[PDB]
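Heads up: the structure comes next, in structure tokens.
The numbers here are math on the coordinates, done by the rules we state, and not lab data. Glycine also receives a Cβ, built like all others from the backbone with ideal geometry; neighbour counts cover every protein chain displayed.
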Amino acid sequence: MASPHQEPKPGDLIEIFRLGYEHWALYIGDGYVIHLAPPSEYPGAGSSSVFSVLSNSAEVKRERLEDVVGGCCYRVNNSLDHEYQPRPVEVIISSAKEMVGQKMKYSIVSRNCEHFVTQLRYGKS
């Protein structure tokens with residue numbers, strides 16, 4: 001018979017279901033993922049501004065899948081295979097690793113973690 005649950009492999013797009021929202025990550029093997037940490041409204045927080053409250057930012061990071069998902073549910077969902085060519089998975093993971101340590105802007109980025117993990121396969125070249 002077939003397996004009762006999914007298991008992630010190198011290059012897989014991880015789809016994570018939080019309370020009332022969804023989030024995404026790039027799985028790299030050995031239980032690890034690469035992901036974008038979400039930003040906030042901090043420099044424009046209510047009743048304050050850049051002189052009275054500090055800034056914030058998003059950052060590409062590497063962690064364990066378990067640590068990243070926490071109490072949230074998750075699945076493997078490689079939807080972009082229908083959109084783009086079969087790119088060489090070592091270069092998608094190398095792109096993820098090259099992106100780790102890079103920053104992105106404030107709250108105004110909106111839904112952006114799927115757009116980030118999209119660019120790892122779409123912008124391979």
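Condition first: under 14 Å from the mean Cα position of the chain (by Cα) and within 18 Å of residue 116 (Cβ to Cβ). Now tell me which residues in the range 55-74 satisfy that.
Those that are under 14 Å from the mean Cα position of the chain (by Cα) and within 18 Å of residue 116 (Cβ to Cβ): 58, 59, 60, 61, 62, 63, 65, 68, 69, 74.
Considering only residues that are part of a helix (DSSP H, G or I), in contact (Cβ under 8 Å) with a residue 12 or more places away in the chain and within 23 Å of residue 20 (Cα to Cα), which ones fall in the range 59-96?
65, 66, 68, 69, 79
Can you name the residue in the range 101-121 that is under 15 Å from residue 41 (Cβ atoms) and assigned to a helix (DSSP H, G or I) and, of all such residues, is nearest to the chain's Cα centre (by Cα)?
109
So residue 104 passes all but one of these: (1) surrounded by 13 or more Cβ atoms within 10 Å (Cβ to Cβ); (2) more than 19 Å from residue 23 (Cα to Cα); (3) not hydroxyl-bearing (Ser, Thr, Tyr). Which condition number does it fail?
(2)
Taking the criterion of being in contact (Cβ under 8 Å) with a residue 60 or more places away in the chain, part of a helix (DSSP H, G or I), hydroxyl-bearing (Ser, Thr, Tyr) and surrounded by 14 or more Cβ atoms within 10 Å (Cβ to Cβ), would at least one residue in the range 36-55 satisfy it?
For the range 36-55, residues in contact (Cβ under 8 Å) with a residue 60 or more places away in the chain, part of a helix (DSSP H, G or I), hydroxyl-bearing (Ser, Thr, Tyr) and surrounded by 14 or more Cβ atoms within 10 Å (Cβ to Cβ): present.
Identify all residues within the range 1-35 that are free of Cβ contacts under 8 Å to residues at least 60 places away in the same chain, in contact with a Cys (Cβ under 6 Å, 6 or more places away or on another chain) and in a strand (DSSP E or B); write none if there are none.
Result: 16, 17.
Kindly establish whether residue 28 is β-branched (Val, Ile, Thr), farther than 18 Å from residue 111 by Cβ and either surrounded by 12 or more Cβ atoms within 10 Å (Cβ to Cβ) or within 14 Å of the chain's Cα centre (by Cα) (or both).
On the way: β-branched (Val, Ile, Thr): yes; farther than 18 Å from residue 111 by Cβ: yes; either surrounded by 12 or more Cβ atoms within 10 Å (Cβ to Cβ) or within 14 Å of the chain's Cα centre (by Cα) (or both): yes.
Yes.
With the requirement that a residue be among the aromatic types (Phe, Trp, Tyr) and touching a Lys or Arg at 6+ places or on another chain (Cβ under 7 Å), what does the range 66-91 give you?
Scanning the range 66-91 gives a single hit, 84.
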